[PDB]
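Protein chains in written order, with the entry's author numbering: chain B, 1 to 82, 87 to 378; chain A, 1 to 383. This report concerns only the one structure given below.
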Amino acid sequence: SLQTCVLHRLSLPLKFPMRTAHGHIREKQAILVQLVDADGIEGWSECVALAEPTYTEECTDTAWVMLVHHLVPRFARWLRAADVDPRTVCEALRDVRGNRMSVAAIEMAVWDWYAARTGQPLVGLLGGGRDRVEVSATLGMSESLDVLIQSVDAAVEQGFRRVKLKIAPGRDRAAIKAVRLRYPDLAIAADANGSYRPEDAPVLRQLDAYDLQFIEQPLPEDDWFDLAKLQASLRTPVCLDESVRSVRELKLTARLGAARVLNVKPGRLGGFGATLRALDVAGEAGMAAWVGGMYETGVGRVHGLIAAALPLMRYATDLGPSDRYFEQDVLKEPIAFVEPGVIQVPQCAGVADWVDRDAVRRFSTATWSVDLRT
Amino acid sequence: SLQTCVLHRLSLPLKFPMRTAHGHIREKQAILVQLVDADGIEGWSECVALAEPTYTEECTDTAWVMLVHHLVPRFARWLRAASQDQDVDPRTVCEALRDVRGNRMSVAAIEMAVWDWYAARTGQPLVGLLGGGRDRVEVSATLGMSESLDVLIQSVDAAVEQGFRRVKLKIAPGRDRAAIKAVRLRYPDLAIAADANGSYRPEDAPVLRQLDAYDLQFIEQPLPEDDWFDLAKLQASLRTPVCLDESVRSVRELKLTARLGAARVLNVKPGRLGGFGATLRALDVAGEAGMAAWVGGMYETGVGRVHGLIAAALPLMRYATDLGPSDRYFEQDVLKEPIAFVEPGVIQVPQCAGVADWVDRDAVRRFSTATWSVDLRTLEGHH
């Protein structure tokens, strides 16, 4: 008996404005979806599209009109044709190409609502066994090795269980060697941001000595055949992030043996059902995965942490505590470490009771709603 | 220099309702991009995004905000760069937008209006500017499917009587072999293509293989956009070329297609690919790979249709275009003079140094549901 869909557009000041090409990003623009049934029971979710289409093609502005004028009307029409199963929600959105982050916002709000409605932990409905998740810190490159080392020192001293070092041609082996020299037992992964070419196979192979968890995006996006050849020659798992947009590119990856680890963003995949399907494909291929982040508000952070509880999510998540992102977030209690470098998996039956509604009112720049029966 | 950009959101009544997906609709929404320089020289283009995101992920609503709030500001910033100081080279305009992912139909509208402005500024035919040699192009007709084989054959005769040099039949499992067999027997020498719109699955391969007996020019989009290896295996099993349209959105996807042997024919739509420069890069790669290409349609207004016929002049565009005369689609279009056959089934390639002079300003104005203008030097616009 879902009755209302309310879209909230928010701007939250970032604690640590991020550098871009021509300036800086100081606010997180996010869209929260709030679903309300006839009895007042709610489910919420966050569309993770970023303000500018620099990381994927969706951005807050285009997500907003996609929800308002296309996906919400479709969802309402589908509702008006017979209790609701959150596993079937994407059937309403059958005919829509891409727009997976806008689609995810609807689909995840419906799961969140259904957890609230049934009073069952959302993580339990999805099949998440893990009770706590380890968290990684990402470290930028530095021309100075001493500066890189200090950044690792500071991370380890803040509790972190994994570090992920950015690397690139001429700025890889020296750094990783010096880090592994200093911390023989630390989990270290590397992120190459597509800076290597197939000729660099021997350099990457050289890194096998350091027992990296994975090397993320070694080659340009869509160098699929080159990637499959490169992974065949490396003992270290290749990890893909933006190269795998959908369950399809995942099947391509599996068939070619092009990578062994996935950076999963449930919103980018199109929601919880899509994440579960991806983990099925991945598990059958003998791959493993971890949850990456999109500097989410606490609503999306909660859902990401729940996804990180899923069995195949064997590596550390990039989702840190709220206070690494925002001075003030949208939850009554911020997400925080429960042990150094470790976060408790959210056991809420839906996030709604955890939302600070005064904080959502204050950060809102626009609101739009519709009666789903109309 | 270029001083103003005006975006026009249009709604054009159609002669009769066009087929949606599961519906029909009365009116074609379109976005035109208009650029004006300090001397009053103009370029136009059409953003080909459809009203619903059912063919690709872009639609009218999202393309409008992408243009207003993201791409036009980026383009203004680039126009003020020292390197655009004396000449604006349309070849390089995509560098203003190099940090945007996807959004290729919105990107293409910028890029193509700049090409168009540049031809008008230099008084050179846009087609020669892009290396398009053909002087004329042949035109195909798309025929819907009916559970009546009579309706079908009647539709085919009607297309043929009108001179169309190809027919493309809509097909689906259970309504494929019978229609094609009948048309092929009746028309032994007619170019026939088929468009499956993703209606087949890998288990249907035996049915599609039965189709090789009819010598189709291609079968378009046989499978969903679900798995590249299913496609590769199907094409390897078929003597008939597979044609991809929406499955190929970029030159890199075309590289992968060719590497997989997943298809042999490309439906080119410059807007879907990211503009004229992207289209030339796609044709390079398709020709190197042994693929044939042709230009498809998006129910374009006159602006988009003119630009699409100019791309269809390019050397590798070896098959007929789906871009037919204005009047098949609209009582009143945005050109002073409708696009028409020069001979039955044939259209003269536009020789305009830009389409600006051909635009009916009154029609553009009547069909406008929204209009946004911006001073390109400052960045103040209004509604």
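Note that the Cβ used here is the ideal one computed from N, Cα and C, for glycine as well.
Q: Taking only the alpha-carbon atoms, compute the straight-line gap between residue 103 of chain B and residue 57 of chain A and give it to the nearest angstrom.
A: Residue mapping note: residue 103 of chain B aligns to position 99 of the first sequence, counting from 1. Residue mapping note: residue 57 of chain A aligns to position 57 of the second sequence, counting from 1. Going from the Cα of residue 103 of chain B to the Cα of residue 57 of chain A covers about 6 angstroms.
Q) Using a Cβ cut-off of 8 angstroms, which residues of the stretch 228-243 of chain A contact any Cβ in chain B, in chain order? A) Taking 8 angstroms as the Cβ-Cβ cut-off against chain B, the residues of the stretch 228-243 of chain A that qualify are 228 and 229.
Q: Indicate whether at least one CB of chain A lies closer than 8 angstroms to the CB of residue 267 of chain B.
A: Looking up residue 267 of chain B in the first sequence gives position 263. Closer than 8 angstroms: no.
Q: Report yes or no: do the stretch 95-113 of chain B and the stretch 34-45 of chain B share at least 3 C-beta pairs separated by less than 8 angstroms?
A: In short, these stretches touch, since the Cβ pair count reaches three.
Q. So is residue 321 of chain B in contact with chain A if we call contact Cβ pairs under 8 angstroms?
A. Against the first sequence, residue 321 of chain B aligns to sequence position 317. Taking 8 angstroms as the CB threshold, residue 321 of chain B stays off the interface with chain A.
Q.
I need the boundaries of the beta strand (DSSP E) containing residue 18 of chain A, first residue and last residue.
A. Within the second sequence, numbered from 1, the residue matching residue 18 of chain A stands at position 18. First-last of the beta strand (DSSP E) with residue 18 of chain A: 2-19.
Q. In chain B, which residues lie less than 7 angstroms from residue 21 of chain A when you measure between Cβ atoms?
A. Indexing the second sequence from 1 puts residue 21 of chain A at position 21. 99, listed in chain order.
Q | Residue from A:133, A:332, A:218 and A:77 whose Cα sits closest to the Cα of residue 263 of chain A | A | Stepping through the second sequence from its first residue, residue 263 of chain A is reached at position 263. Ranked by Cα distance from residue 263 of chain A, the options A:133, A:332, A:218 and A:77 are led by A:218.
Q) DSSP state of residue 237 of chain B, grouped into three classes? A) Here residue 237 of chain B is taken as the residue at index 233 of the first sequence, counted from 1. In this structure, residue 237 of chain B counts as coil in the three-state DSSP scheme.
Q. By DSSP, does residue 269 of chain A sit in helix, in strand, or in coil?
A. Taking the first residue of the second sequence as 1, we reach residue 269 of chain A at position 269. In the structure shown, residue 269 of chain A sits in coil (DSSP, three-state: anything other than H, G, I, E or B).
Q | Cβ neighbours of residue 280 of chain A in the same chain (closer than 8 angstroms, five flanking residues each side left out) | A | Residue mapping note: residue 280 of chain A aligns to position 280 of the second sequence, counting from 1. So the list reads 130, 131 and 314, once near-sequence residues are dropped.
Q | Neighbourhood of residue 364 of chain A by C-beta distance below 8 angstroms, restricted to the same chain and skipping five residues each side | A | The residue given as residue 364 of chain A occupies position 364 in the second sequence. The beta carbon of residue 364 of chain A sits closer than 8 angstroms to the beta carbons of 8, 10, 32 and 334 from its chain, once the five residues preceding and following it are set aside; these are given in chain order.
(Q) Rounded to whole angstroms, what is the Cα-Cα separation between residue 216 of chain B and residue 177 of chain B? (A) Your numbering for residue 216 of chain B matches position 212 in the first sequence. Your numbering for residue 177 of chain B matches position 173 in the first sequence. Cα-Cα distance, rounded: 12 angstroms.
Q) At which residues does the alpha helix (DSSP H) containing residue 77 of chain A begin and terminate? A) For the purposes of this step, residue 77 of chain A is identified with residue 77 of the second sequence, where counting begins at 1. Residue 77 of chain A -> alpha helix (DSSP H) spans 72-79.
Q: Assign residue 308 of chain A to one of three DSSP states: helix, strand, or coil.
A: By one-based count along the second sequence, residue 308 of chain A stands at place 308. Assigned with DSSP and collapsed to three states, residue 308 of chain A falls in helix.
Q) In chain order, what residues of the stretch 182-193 of chain A put their CB closer than 8 angstroms to some CB of chain E? A) In the displayed structure, chain E is absent; the protein chains listed are B and A.
Q | Terminal residues of the beta strand (DSSP E) in which residue 368 of chain A lies | A | Here residue 368 of chain A is taken as the residue at index 368 of the second sequence, counted from 1. That run of the beta strand (DSSP E) goes 368-375.
Q | C-beta atoms of residue 168 of chain B and residue 140 of chain B nearer than 8 angstroms | A | Mapped onto the first sequence, residue 168 of chain B falls at position 164. Mapped onto the first sequence, residue 140 of chain B falls at position 136. The beta carbons of residue 168 of chain B and residue 140 of chain B sit closer together than 8 angstroms.
Q. Name the DSSP bridge partner or partners of residue 347 of chain B?
A. As a first step, residue 347 of chain B is located in the first sequence; it is residue number 343 there, counting from the start. According to DSSP, which records beta bridges pairwise, residue 347 of chain B is partnered with B:137.
Q.
Please tell me whether residue 261 of chain B and residue 232 of chain B are closer than 8 angstroms, where the distance is taken between their beta carbons.
A. As a working note, residue 261 of chain B is residue 257 in the first sequence. As a working note, residue 232 of chain B is residue 228 in the first sequence. Yes. Within cutoff.
(Q) Just verifying my parser: in three-state terms, what is the DSSP assignment at residue 285 of chain B? (A) Walking along the first sequence from the start, residue 285 of chain B turns up at place 281. Note: residue 285 of chain B maps to helix in three-state DSSP.
Q | Collapsed DSSP secondary structure at residue 318 of chain A in the structure displayed | A | The residue you call residue 318 of chain A lines up with position 318 of the second sequence. Residue 318 of chain A sits in coil when the DSSP states are folded into three classes, being neither helix nor strand.
Q: List the residues of chain A that residue 61 of chain B touches, going by C-beta distances under 9 angstroms, in chain order.
A: Numbered from 1 along the first sequence, position 61 holds the residue referred to as residue 61 of chain B. Annotation: Cβ neighbours of residue 61 of chain B in chain A (cutoff 9 angstroms, chain order): 62, 65, 66, 68, 69 and 70.
Q) residue 369 of chain B: which of B:257, B:60, B:66 and B:199 sits nearest, CA to CA? A) Position 365 of the first sequence holds residue 369 of chain B. Out of B:257, B:60, B:66 and B:199, B:60 has the C-alpha closest to the C-alpha of residue 369 of chain B.
Q. Chain A beta carbons: is any one of them nearer than 8 angstroms to that of residue 379 of chain B?
A. Given that chain B is displayed from residue 1 to residue 378, the structure contains no residue 379 of chain B and the question cannot be resolved.
Q) So which of B:3, B:64, B:20 and B:49 has the shortest CA-CA distance to residue 85 of chain B? A) Missing from the coordinates: residue 85 of chain B, inside the break in chain B from 82 to 87.
Q: Thinking residue 54 of chain B and residue 101 of chain A are a contact (beta carbons under 8 angstroms), I'd like their distance in whole angstroms, please.
A: As a position in the first sequence, residue 54 of chain B is number 54, starting the count at 1. As a position in the second sequence, residue 101 of chain A is number 101, starting the count at 1. Contact between residue 54 of chain B and residue 101 of chain A holds: their C-beta atoms lie close to 7 angstroms from each other, under 8 angstroms.
(Q) Measuring alpha carbon to alpha carbon, tell me which residue in A:222, A:184, A:137 and A:268 is nearest residue 172 of chain A. (A) Translated into the one-based positions of the second sequence, residue 172 of chain A becomes position 172. Residue 172 of chain A has its Cα closest to that of A:222, out of A:222, A:184, A:137 and A:268.
Q) If we cut at 8 angstroms on Cβ distances, does residue 80 of chain B have a partner in chain A? A) As a working mapping, residue 80 of chain B is identified with position 80 in the first sequence. Chain A, which has no Cβ nearer than 8 angstroms to the Cβ of residue 80 of chain B, makes this no.
**Q.** For residue 106 of chain B, three-class secondary structure by DSSP
**A.** For the purposes of this step, residue 106 of chain B is taken as the residue at position 102 of the first sequence. Under the three-state reduction of DSSP output, residue 106 of chain B falls in the helix class.
Q) Could you give the distance in angstroms between the alpha-carbon of residue 196 of chain A and the alpha-carbon of residue 119 of chain B? A) The residue labelled residue 196 of chain A in the question sits at position 196 within the second sequence. The residue labelled residue 119 of chain B in the question sits at position 115 within the first sequence. Roughly 41 angstroms separates the two Cα atoms.
(Q) Would you say residue 226 of chain B lies against chain A (beta-carbon separation less than 8 angstroms)? (A) To locate residue 226 of chain B, count along the first sequence from 1; it is residue 222. So, interface residue.
Q | Proximity below 8 angstroms, CB of residue 319 of chain A to CB of residue 299 of chain A | A | Indexing the second sequence from 1 puts residue 319 of chain A at position 319. Indexing the second sequence from 1 puts residue 299 of chain A at position 299. Judged by their CB atoms, residue 319 of chain A and residue 299 of chain A are not nearer to each other than the 8 angstroms cut-off.
Q) Taking Cβ-Cβ distances shorter than 8 angstroms, what residues in chain A pair up with residue 256 of chain B? A) The residue given as residue 256 of chain B occupies position 252 in the first sequence. The contact set of residue 256 of chain B on chain A, defined by CB atoms closer than 8 angstroms, consists of 227, 228 and 229 in chain order.
(Q) For chain A, check one thing: does any of its Cβ atoms lie closer than 8 angstroms to the Cβ of residue 279 of chain B? (A) Counted from its first residue, the first sequence places residue 279 of chain B at position 275. Closer than 8 angstroms: no.
**Q.** Whether residue 65 of chain B touches residue 62 of chain A by CB criterion (8 angstroms)
**A.** Start at 1 with the first residue of the first sequence, and residue 65 of chain B comes out as number 65. Start at 1 with the first residue of the second sequence, and residue 62 of chain A comes out as number 62. Yes, Cβ-Cβ distance for residue 65 of chain B and residue 62 of chain A is below 8 angstroms.
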